[PDB]
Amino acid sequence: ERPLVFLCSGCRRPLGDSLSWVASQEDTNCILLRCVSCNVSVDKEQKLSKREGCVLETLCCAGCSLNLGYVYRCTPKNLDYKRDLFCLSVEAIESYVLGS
């Protein structure tokens, strides 16, 4: 195929690429990355989950402090696969596609 780079919406810093893109979520409109760049920082405050409850710290761009998503830190057995993966909101990243 052709790989992607994900850029912060608020300032265009590189957040990650499709090489670490493991999975997606249709309802939360997030993509799940195994691996992120130095520009995704982790607000060290554990907040509870408000959906179908996990513990998860929120992600934001080291550059402009835009809210980028969340990481699952603590999860029940059924959600262990999402644990430690970076969920990036689609409404907060912009894709650049390689190949012109």
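We number the residues from 1 along the sequence you see.
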Size class of the missing deposited segment between residue 52 and residue 53: 1 to 3
Residue stretch of maximal mean CA temperature factor, 71-79 vs 34-42: 71-79
Greater mean Cα temperature factor according to the PDB record, 20-28 or 88-96: 20-28
Third of the chain's Cα B-factor distribution that residue 64 belongs to, per the entry: middle
